[PDB]
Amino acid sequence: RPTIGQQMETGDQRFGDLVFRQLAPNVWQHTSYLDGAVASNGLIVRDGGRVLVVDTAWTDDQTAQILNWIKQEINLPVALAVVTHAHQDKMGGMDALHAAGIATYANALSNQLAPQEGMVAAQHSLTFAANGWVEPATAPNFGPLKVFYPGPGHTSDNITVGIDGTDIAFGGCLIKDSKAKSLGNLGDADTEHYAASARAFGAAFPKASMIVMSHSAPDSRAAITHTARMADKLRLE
């Protein structure tokens, strides 16, 4: 059974109970929902003759449906997935990736925290230099994916990804959009270092003009400065 895409008034395409949006010739945003209802975004990148995934959906079934979409619309093997912190929205579908033979990667800290956060750890751990950049030996054949740990923010373990050859960087749950009224789920957050991490993210990917994030539509760099400003407000109490 194929699924046909259900095009929307916004140009997203519905496929099952997921939404897919093309951001650039070789980059798509994937969106899944949990019940109110709550959107979570990740990315799919075509890199020559393989596909790379950033984040799962909330569930194994939704993540399986992402894999079906890739099979049906791109038709290339998924070489690896990178997940950006240890919460359900980002790591809730690991078993589906593992069932499909996909090699998975996460911050070593994300893997250490996963059992406590109710998550399945990834198979491989990314480690980071003191300047925040991924150690290249721990992220082999990541193609255009540039992984950067900006410091504690939304969580202690949150990491971020830039896409070489595009103007796209993925803030994950660290960044919120330019109209956001708060910083959201602050249960696991570092209120002291959040602002510095958000600015570190901006400095790490200075040529990114499209900032993709977990919980709203892509936004400009205004999301970065807006998030930092809200993070400062908070730190001063």
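Each form is matched to the other, and the largest set of C-alpha atoms that superpose within 1.5 Å is called the rigid core. Residue numbers run from 1 along the displayed sequence.
Of the two stretches examined, 59 to 67 and 178 to 186, the one with higher mean CA deviation in 6 other deposited structures of this protein after a rigid core fit is 178 to 186. Take 109 to 117 and 123 to 131, fit the other structures onto the shown form by the rigid core, and average the C-alpha distances in 6 other deposited structures of this protein: the farther stretch is 109 to 117. The entry models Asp35 and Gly36 with a gap of 4 to 9 deposited residues left without coordinates. Of the two segments, 161 to 169 and 109 to 117, the one listed with the higher mean B-factor is 161 to 169 (C-alpha atoms only).
Checked against the record, the higher mean CA B factor of 205 to 213 and 180 to 188 lies with 180 to 188. The deposited CA B-factor of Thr127 belongs to the lowest third of values across its chain.
The PDB entry assigns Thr84 a C-alpha temperature factor belonging to the lowest third of its chain's modelled residues. Among all modelled residues in this chain, the alpha-carbon of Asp47 has a temperature factor (C-alpha) in the highest third. Ranked against the other modelled residues of its chain, the C-alpha B-factor of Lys71 as given in the entry falls in the highest third.
Ranked within its chain, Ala39 lands in the highest third, by CA B factor from the PDB record.
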